[PDB]
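Protein chains in written order, with the deposited numbering: chain L, 1 to 606; chain n, 2 to 179; chain g, 52 to 151; chain M, 1 to 458; chain D, 34 to 71; chain p, 5 to 174; chain f, 3 to 57.
One structure below.
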Amino acid sequence: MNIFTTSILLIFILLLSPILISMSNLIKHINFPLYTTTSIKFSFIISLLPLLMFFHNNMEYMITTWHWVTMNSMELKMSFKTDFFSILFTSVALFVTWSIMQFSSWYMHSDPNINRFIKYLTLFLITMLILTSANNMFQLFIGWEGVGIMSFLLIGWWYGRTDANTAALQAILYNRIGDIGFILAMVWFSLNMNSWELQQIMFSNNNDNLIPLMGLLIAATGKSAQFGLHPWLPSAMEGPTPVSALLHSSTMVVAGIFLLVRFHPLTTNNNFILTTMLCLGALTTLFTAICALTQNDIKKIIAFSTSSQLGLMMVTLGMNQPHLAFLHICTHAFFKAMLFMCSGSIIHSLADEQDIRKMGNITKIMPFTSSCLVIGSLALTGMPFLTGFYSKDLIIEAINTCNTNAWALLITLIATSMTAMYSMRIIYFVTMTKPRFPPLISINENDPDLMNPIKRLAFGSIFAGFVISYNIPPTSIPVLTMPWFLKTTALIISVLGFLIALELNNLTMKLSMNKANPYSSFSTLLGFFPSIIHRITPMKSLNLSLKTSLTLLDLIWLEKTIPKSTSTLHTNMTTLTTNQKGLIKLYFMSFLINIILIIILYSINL
Amino acid sequence: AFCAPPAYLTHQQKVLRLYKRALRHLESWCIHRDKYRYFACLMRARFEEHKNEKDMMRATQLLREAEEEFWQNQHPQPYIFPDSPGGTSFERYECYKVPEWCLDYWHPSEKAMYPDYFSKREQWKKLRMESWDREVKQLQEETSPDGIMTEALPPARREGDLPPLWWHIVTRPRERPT
Amino acid sequence: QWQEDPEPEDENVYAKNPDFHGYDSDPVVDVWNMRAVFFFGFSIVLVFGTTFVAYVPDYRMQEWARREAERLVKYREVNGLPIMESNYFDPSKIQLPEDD
Amino acid sequence: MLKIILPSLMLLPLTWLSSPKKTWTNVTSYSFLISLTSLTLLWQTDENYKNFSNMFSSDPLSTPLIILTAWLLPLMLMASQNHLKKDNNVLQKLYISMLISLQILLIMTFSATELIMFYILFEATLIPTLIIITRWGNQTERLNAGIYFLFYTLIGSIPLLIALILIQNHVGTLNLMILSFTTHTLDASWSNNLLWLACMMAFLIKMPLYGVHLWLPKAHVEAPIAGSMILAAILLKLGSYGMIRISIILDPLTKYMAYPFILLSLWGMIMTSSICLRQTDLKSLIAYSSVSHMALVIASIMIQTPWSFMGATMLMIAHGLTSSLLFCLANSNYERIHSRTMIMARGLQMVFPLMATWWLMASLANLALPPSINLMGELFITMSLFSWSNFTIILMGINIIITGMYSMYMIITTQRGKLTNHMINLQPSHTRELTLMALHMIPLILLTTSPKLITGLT
Amino acid sequence: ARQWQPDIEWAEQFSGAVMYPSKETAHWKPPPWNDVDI
Amino acid sequence: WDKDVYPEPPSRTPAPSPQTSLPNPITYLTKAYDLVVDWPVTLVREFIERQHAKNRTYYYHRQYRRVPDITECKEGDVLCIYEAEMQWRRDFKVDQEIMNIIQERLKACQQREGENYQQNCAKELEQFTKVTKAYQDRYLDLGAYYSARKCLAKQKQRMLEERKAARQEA
Amino acid sequence: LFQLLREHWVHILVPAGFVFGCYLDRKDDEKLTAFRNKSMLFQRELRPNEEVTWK
Ligand SMILES: CCCCCCCCCCCCCCCCCC(=O)OC[C@H](COP(=O)(O)OCCN)OC(=O)CCCCCCCCCCCCCCCCC
Ligand SMILES: CCCCCCCCCCCCCCCCCC(=O)OC[C@H](COP(=O)(O)OCCN)OC(=O)CCCCCCCCCCCCCCCCC
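As structure tokens, this is what we get:
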């Protein structure tokens with residue numbers, strides 16, 4: 001059905017159209033923000049047409065558009081897969097993007113370079129979708145590196161600020177450590193089984209496939225902020241709030257989770273790596289959640305929640321439940337996007353206050369965002385019958401029913417109670433409290449560009465879990481049979497998580513115990529991974545270059561040995577041979593010596 | 002940022018600058034307001050007593066134990082305002098603070114529009130060159146009679162003279178370029 | 052002191068010749084040294100060159116080999132011969148060292 | 001191939017005979033077309049390589065370069081029109097001619113059948129280069145740099161001279177065609193183990209290996225922009241082209257006589273990449289970037305697997321174009337700033353909006369962003385190196401992380417951050433500066449569309 | 034801003050009857066320009 | 005494209021069997037695509053091909069005929085061996101696009117048969133080893149300086165083994 | 003016509019090189035014309051009224 005193929009190729013052409021308009025002089029004359037917002041809107045509708053097709057009958061289309069090099073045995077070609085993962089994600093991503101660009105127009109209003117900002121956001125979407133629908137992994141690499149570079153360009157939008165520059169260099173470094181893993185996997189699949197195309201890599205099921213998948217797991221940990229190198233996604237919040245929503249919140253981070261689902265057929269064979277990520281996903285879930293409890297920056301708390309939810313997503317991939325992990329990716333995108341733009345609304349409406357401490361009683365001052373915030377908060381806490389509930393409790397009870405690390409099982413559940421706690425922290429401090437904002441009040445959220453997108457995503461946050469769960473193909477053969485405590489555990493732990501947090505917030509209002517330091521710190525300054533591993537490594541890695549590798553072995557030792565020594569050896573030799581009295585007697589006698597030696601040279605060799 | 006740094010700090014400015022860090026690091030612990038305003042007038046009490054200690058030695062022994070009490074009772078994430086160091090919005094709108102000596106390489110076409118703008122700009126540049134001599138001379142005639150020099154610069158002291166080394170405190174790129 | 056010149060300043064060529072293109076100080080040479088460089092540079096090397104390079108046909112035979120394979124794979128499969136026999140130089144031609 | 005060459009020679013008469021005012025445009029316009037005639041060699045519709053005549057040949061490995069050598073002469077003459085525009089009208093016509101002779105000689109060296117024709121032309125290229133570096137070099141130390149560039153190459157060169165005359169006696173002709181279709185198998189003696197080192201060492205020296213690369217940082221530092229472009233883009237690659245054509249003979253020894261260099265290069269790749277991380281002179285950092293990205297090449301021309309060689313050919317052409325682009329933009333900052341220091345000049349995008357886009361694309365070419373021939377190249381060398389020993393990824397894995405860090409640091413501390421308060425005001429960008437860049441990157445974009453052309457002999 | 038042309042000091046070294054003057058080798062002072070001795 | 009060099013299985017499609025009153029949102033759209041996207045294009049395309057068929061031209065394949073190989077070729081005779089290293093370097097590619105097709109024919113057979121690839125697609129993976137075990141046995145150890153003399157030796161080093169092992173079995 | 007003052011005197015220098023170049027490269031062929039058509043892969047028999055295969 002060409003309608004299907006053409007549609008998958010068309011979304012890319014339509015989104016690339018804003019990029020070249022800015023290349024030509026035409027954008028000055030038309031409005032770039034409005035034009036870009038409309039075309040993503042049309043791209044979402046175009047994406048819907050294949051999505052309905054896939055629902056009718058499950059067909060997967062591999063589209064080989066262009067050939068790039070024959071390269072002898074390994075031919076390289078540009079291929080877009082249209083498997084359930086690719087088209088489901090393509091639709092969810094563009095809806096979020098359509099929401100954010102409208103938000104972007106309101107948020108960055110008064111920025112002198114709005115058009116460039118919108119331009120990079122769509123370039124990000126083009127790389128993100130290429131990363132999504134990539135058959136051969138070389139294209140997956142183009143997407144993997146591609147979102148990394150544009151994140152660097154967009155985290156540090158405001159280049160002047162060194163803090164933004166530091167975060168951008170952070171993000172590239174963590175991503176590049178991840179890139180080493182993908183290169184290792186790519187090289188192993190460029191040798192052994194031979195083609196970077198997924199359709200053939202999957203014929204490596206009954207092989208070792210540990211050297212390679214360990215590489216992809218390493219790539220995922222860097223891209224998805226698992227316990228190892230978890231800090232750059234918190235650091236990424238130095239970016240503009242809309243950038244934080246579409247890339248820090250949904251498309252960029254889920255890329256690591258998406259890669260492993262693509263390569264799962266291979267993942268199911270190796271038991272060792274499955275528990276490895278189950279284990280690290282579990283550690284990141286709580287580690288990030290505990291850090292979020294004491295953070296006082298609104299954007300920071302949401303970002304930690306982005307990492308904690310992906311930690312749960314990592315856990316399901318670790319328990320070899322790929323389809324549900326993808327289901328959470330889609331539902332995760334709707335609500336996290338909402339909360340970040342919700343705070344975008346609060347931060348912009350207030351005098352750019354990004355701290356929960358000075359922000360209060362937004363519920364009465366701004367009901368529209370507060371309503372959106374609690375809708376999102378409950379979805380994050382898996383309120384029954386909301387989008388989180390359809391996918392999240394499936395994951396919870398999956399854990400409660402599988403054979404798993406006891407430590408992983410316990411931490412994931414309290415991580416769920418912690419998600420309710422920090423969710424409670426945000427609404428109590430941000431919304432339900434006496435106002436503590438600066439005294440002049442100038443709040444307006446009436447702008448259509450704020451409401452509309454927030455309104456549209458809110459509709460998605462309310463109904464998406466209903467629609468996606470029923471429509472997707474039956475998969476995973478879930479276990480609905482459980483003792484009732486386990487069946488309802490997700491619901492109860494979420495309930496008491498808020499209950500306990502609400503209790504603690506009340507304790508704050510009293511006039512007592514101004515200071516409270518119960519390991520609060522470990523929690524508040526990111527588990528101290530940032531304070532220690534960011535000051536030692538960059539210090540011991542640069543000291544060795546300047547002091548040891550550059551000046552010691554370069555410069556002096558490699559210049560005194562080869563280039564300089566040969567300089568000296570000769571210089572000294574000329575000094576002795578050319579220091580001559582000039583007297584004839586001396587010189588002549590040397591002629592005597594010569595005659596003598598030559599007489600002998602003949603004599604002995606007679 | 003405006004005034005110049007004093008060489009050594011007095012006892013007072015060290016005490017009175019703790020009253021700021023302290024009270025401001027007490028409003029991170031006391032997230033609410035009534036609790037804070039309470040727990041803080043109790044802070045002043047601490048500083049209010051031991052105000053009239055005349056025994057310097059003692060005073061510098063209350064200060065040295067105050068700033069260690071504080072270091073161990075500080076909040077890791079205090080409330081630092083935006084536009085202040087470390088916290089956000091600090092260098093945000095610096096990408097848009099171009100340094101104003103760049104409008105001098107504009108093409109005669111660009112400066113063709115925006116006409117009256119450059120008519121006033123050329124006046125100010127006449128002001129700057131018209132006084133560099135009287136300024137530097139002032140800066141010098143009033144030079145220190147000793148090696149003791151502070152970064153403080155003199156006012157005008159005569160009509161028509163423009164308070165010196167002024168071209169970059171005035172003509173500063175505007176804070177929010179937006 | 053040894054006589055030598057005082058440092059020569061670098062002129063703001065953009066002060067006069069406000070249309071300076073960076074090639075030469077007097078204006079007409081500049082204009083005619085970019086009107087010929089953008090042209091011979093971009094207009095008939097990046098364009099005519101890429102046109103010609105794009106149309107080089109079956110470069111290094113890799114357009115020929117995707118057919119010869121197809122008729123060999125067509126011929127070998129239908130006649131039942133192995134698609135890529137395992138020895139290329141026929142064993143009969145080889146005169147292996149007999150003793151060893 | 002005498003159209004890529006004779007018309008070139010005639011450039012010299014044109015630089016001299018032409019008017020002082022019109023000398024620049026006649027030379028630059030004509031060599032752009034000289035590059036267009038060079039493109040004809042790319043028409044290879046068959047495997048049989050093109051033996052134009054007895055002495056002159058062009059095979060897949062040389063053709064991708066001859067075109068680059070012809071392409072940069074236009075660019076070199078466009079990047080040096082500023083400095084060298086303060087000269088006496090006879091110093092210019094000397095510089096223009098010097099640049100012209102480099103590609104005449106380099107075109108022939110890359111298009112030479114007899115290996116000693118390579119040697120005579122190979123070592124001749126030093127004369128034009130040393131003059132460009134020493135005569136017009138800005139710093140007090142170019143006399144020194146020139147000495148380093150002449151001796152390191154020369155001491156390596158005389159061993160190759162003895163070796164090639166040696167094989168001519170052993171085989172009977174230094175004709176690359178025959179030497180290939182003839183049985184020259186070294187016998188792993190102690191002596192042969194020396195022959196191999198004699199032939200490879202001269203090539204390994206101008207292709208900076210970790211042990212002998214000190215000449216390149218010193219040379220590019222004080223060299224004028226045109227000399228630094230030539231050294232990075234064509235001069236260093238002369239060493240690689242030589243290693244590809246000379247190891248056709250000495251076939252058995254490199255299996256075991258390469259370990260020393262391979263390890264020298266891969267560890268060298270890490271240390272050279274790292275010292276880029278804290279080097280204050282921008283031209284210094286690009287030069288060590290050049291050493292590391294060329295250390296990868298000597299580690300693929302020695303593993304000797306089809307992909308290595310293909311990776312090498314991809315990377316050499318690609319890194320050549322990228323490095324120049326970096327050396328060319330470094331010069332544009334140097335001429336307005338008047339200092340090579342990286343720390344000064346912070347925030348330029350705020351004042352030079354586009355040059356910064358060129359800086360960004362050059363850095364992304366410098367690090368391996370994927371839809372670029374630069375990445376395809378490294379991806380391939382990486383693969384083979386992995387095949388040689390799976391452990392190689394660790395060392396070729398510390399280099400990728402470091403390469404990302406220094407490439408972006410050049411962008412972060414030169415083209416971002418707050419603007420420098422008031423250095424000599426930075427005059428706007430000339431259109432020549434920007435084109436000289438565009439001319440470097442537009443070909444990098446076009447080649448990445450069809451990588452097959454620069455794919456090597458393998 | 035000026036390619037550094039050699040100053041007097043760079044020139045000085047090349048004077049003296051021997052480029053690399055060692056102990057009791059600096060004693061030698063350049064030969065008379067006229068090629069005639071006192 | 006030759007249905008036999010790039011095969012392709014016959015298609016079996018379940019017939020439409022709607023069981024809902026609601027109207028399928030796909031069928032309507034297609035009815036449009038077919039009119040506003042296909043018909044317009046279809047019209048142009050034809051008009052292309054008739055423009056082509058007026059001055060229809062032809063291009064042939066350049067049959068390269070066989071020629072003496074290395075084993076027939078004198079030692080040191082650079083003429084004959086040159087003609088014979090090309091004849092091989094040529095078949096080093098014809099024997100490589102063949103392997104390109106098995107790389108491809110398979111890839112399709114695992115997209116066309118998902119969840120069954122483990123089984124239905126074993127007609128080709130049996131061939132991907134019947135072809136890979138051969139490509140490994142004539143072209144693999146060789147350096148980047150692959151030449152017919154070296155394949156002649158890579159083989160003949162092993163023809164000893166298919167003669168020493170055989171003799172050994174005795 | 004050879005307008006002087008660098009009018010066509012010079013502009014025709016490089017172009018002329020090309021022609022001379024092409025004149026030699028087609029002359030080199032004339033020399034290396036053994037095996038004109040005596041090569042094995044391409045040894046067709048002369049088609050009627052055709053002097054030589056490749057000139
Ligand atoms: C999972 C269980 C085990 C858990 C522990 C396992 C180890 C986890 C960590 C492994 C190593 C991760 C990378 C280490 C460096 C991390 C990046 C970094 O430190 O950069 C941050 C630095 C300062 O930024 P920051 O402290 O965030 O503050 C910004 C706001 N003030 O900003 C900077 O620019 C610093 C300087 C950067 C440029 C030079 C950096 C060194 C480059 C070469 C070395 C790279 C790191 C070592 C090699 C890779 C190791 C994996
Ligand atoms: C030659 C040796 C090296 C010489 C270096 C210096 C040469 C300078 C002078 C000559 C310049 C022109 C000649 C070199 C460029 C050649 C361009 C070319 O060959 O295009 C071929 C392409 C047809 O594609 P083809 O590969 O034939 O089809 C594959 C079938 N399997 O035809 C086309 O598609 C043309 C398309 C034009 C626009 C293409 C833009 C595509 C950009 C894609 C990448 C975008 C992202 C790049 C990121 C880079 C990051 C650094």
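By construction, the Cβ of each residue, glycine as well, lies at the ideal position given by its N, Cα and C atoms.
Residues of chain g with CB closer than 8 Å to the CB of residue i, please, in chain order.
i	result
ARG432 (chain M)	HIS72, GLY73, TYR74, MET85 and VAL88
I think residue i touches residue j, with their Cβ atoms under 8 Å apart; what is that distance to the nearest whole Å?
i	j	result
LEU75 (chain M)	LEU436 (chain M)	6 Å
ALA198 (chain M)	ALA163 (chain M)	4 Å
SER53 (chain M)	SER111 (chain M)	Wrong, their Cβ atoms sit about 10 Å apart, outside the cutoff.
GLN168 (chain M)	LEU174 (chain M)	5 Å
Find the residues of chain n that neighbour residue i, judging by a C-beta separation of less than 7 Å, and give them in chain order.
i	result
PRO78 (chain g)	What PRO78 (chain g) touches in chain n: nothing, since even the nearest Cβ is about 14 Å away.
Please report how far the alpha carbon of residue i lies from the alpha carbon of residue j, in whole angstroms.
i	j	result
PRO473 (chain L)	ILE445 (chain M)	42 Å
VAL171 (chain n)	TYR97 (chain n)	18 Å
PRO11 (chain p)	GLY160 (chain L)	59 Å
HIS319 (chain M)	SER133 (chain L)	30 Å
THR15 (chain M)	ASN366 (chain M)	35 Å
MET269 (chain M)	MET573 (chain L)	36 Å
Give me the chain f residues within the contact set of residue i, using Cβ-Cβ distance strictly less than 8 Å, ordered along the chain.
i	result
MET10 (chain M)	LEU15, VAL16, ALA18 and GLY19
Since residue i meets chain M, which of its residues come closer than 8 Å, beta carbon to beta carbon?
i	result
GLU559 (chain L)	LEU214
Report the neighbours of residue i on chain L: residues whose CB is nearer than 9 Å to its CB, in chain order.
i	result
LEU27 (chain n)	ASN514 and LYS515
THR34 (chain p)	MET1 and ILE3
Terminal residues of the continuous beta strand (DSSP E) containing residue i?
i	result
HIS67 (chain L)	62 to 69
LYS77 (chain L)	76 to 81
In chain p, which residues lie less than 8 Å from residue i when you measure between Cβ atoms?
i	result
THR182 (chain M)	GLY80 and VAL82
Where do the ends of the alpha helix (DSSP H) carrying residue i lie?
i	result
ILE218 (chain L)	211 to 223
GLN62 (chain n)	57 to 73
Using a C-beta to C-beta distance shorter than 7 Å, which residues of chain p count as neighbours of residue i?
i	result
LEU43 (chain f)	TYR68, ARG69, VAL71 and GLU87
Note down, one range per segment and in chain order, each alpha helix (DSSP H) of at least 4 residues found wholly within the segment 13 to 54 of chain n. 19 to 25 and 35 to 49
Please go through the segment 439 to 490 of chain L and give each complete beta strand (DSSP E) segment of 3 or more residues, from N-terminal end onward. none
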